[PDB]
Amino acid sequence: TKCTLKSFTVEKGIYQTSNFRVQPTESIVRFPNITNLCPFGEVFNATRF
Amino acid sequence: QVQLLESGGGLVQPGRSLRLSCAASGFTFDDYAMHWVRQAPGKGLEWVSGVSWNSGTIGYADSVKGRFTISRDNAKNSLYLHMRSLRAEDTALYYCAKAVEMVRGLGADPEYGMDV
């Protein structure tokens, strides 16, 4: 308040001072089921070439 | 329909190299195994070789292992088997067959139950 009113003497009353603001804790990402599965058995996990 | 056209042999004097070709249809080439199985006229069938979805060839028969060389042309659905020193044991009807089993027949490629 002293640096808001720019004074070293503050009289009885009520003075808005600042802005209370909550912060975000963590991030969240979502997307439906994969359904993009690959047959690595053909591509990578192959026994006999 | 299905009609597998294999050829490449004929008036072949022994001691020369060729490339027998089988063309196949009715399926997907680079995901099904085409197998060479020989059968001489008057003689029973005998397995030669194979090629799979991963081009997974395996081997050749009793006394022919090594002289043959198996290669595939996946796009135009062609199978070329190299012919070296074709004699009375090495000459036959080089049937090309397809196994019914799908991917990962288990580890081995689909090579059993080839009724077509």
# chains A, B, ... in the order shown; residues from 1 in each chain; ligands from 1
>>> interface_residues(of="chain A", to="chain B", cutoff="7 Å", atoms="only C-alpha atoms", output="PyMOL selection string")
chain A and resi 41-42+47-49
>>> residues_around(residues="residue 4 in chain B", least_positions_apart="6", cutoff="8 Å", atoms="only C-alpha atoms", output="number ranges by chain")
B: 22-25, 96
>>> select_by_dssp(residues="chain A", states="alpha helix (DSSP H)", output="MDAnalysis selection string")
chainID A and resid 2:5 40:43
>>> residues_around(residues="range 112-116 of chain B", least_positions_apart="6", cutoff="6 Å", atoms="only C-alpha atoms", output="list in words")
residues 97, 98, 99 and 100 of chain B
>>> write_last_selection(atoms="N, CA, C and O atoms", output="PDB file, in the first residue's frame")
ATOM      1  N   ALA B  97       2.916 -73.396 -55.437  1.00  0.00           N
ATOM      2  CA  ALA B  97       1.758 -73.570 -54.571  1.00  0.00           C
ATOM      3  C   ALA B  97       1.731 -72.496 -53.491  1.00  0.00           C
ATOM      4  O   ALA B  97       2.752 -71.886 -53.164  1.00  0.00           O
ATOM      5  N   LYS B  98       0.538 -72.274 -52.937  1.00  0.00           N
ATOM      6  CA  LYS B  98       0.310 -71.272 -51.904  1.00  0.00           C
ATOM      7  C   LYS B  98      -0.262 -71.929 -50.656  1.00  0.00           C
ATOM      8  O   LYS B  98      -1.237 -72.682 -50.739  1.00  0.00           O
ATOM      9  N   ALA B  99       0.331 -71.625 -49.504  1.00  0.00           N
ATOM     10  CA  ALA B  99      -0.210 -72.096 -48.238  1.00  0.00           C
ATOM     11  C   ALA B  99      -1.390 -71.231 -47.805  1.00  0.00           C
ATOM     12  O   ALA B  99      -1.413 -70.015 -48.019  1.00  0.00           O
ATOM     13  N   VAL B 100      -2.383 -71.876 -47.190  1.00  0.00           N
ATOM     14  CA  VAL B 100      -3.606 -71.174 -46.807  1.00  0.00           C
ATOM     15  C   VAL B 100      -3.377 -70.307 -45.574  1.00  0.00           C
ATOM     16  O   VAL B 100      -4.067 -69.301 -45.371  1.00  0.00           O
TER      17      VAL B 100
END
>>> atom_distance(atom1="CA of residue 45 in chain B", atom2="CA of residue 94 in chain B")
9.2 Å
>>> atom_distance(atom1="CA of residue 83 in chain B", atom2="CA of residue 19 in chain B")
5.9 Å
>>> closest_residue(among="B:39, B:6, B:17, B:32", to="residue 102 in chain B", atoms="only C-alpha atoms")
B:32
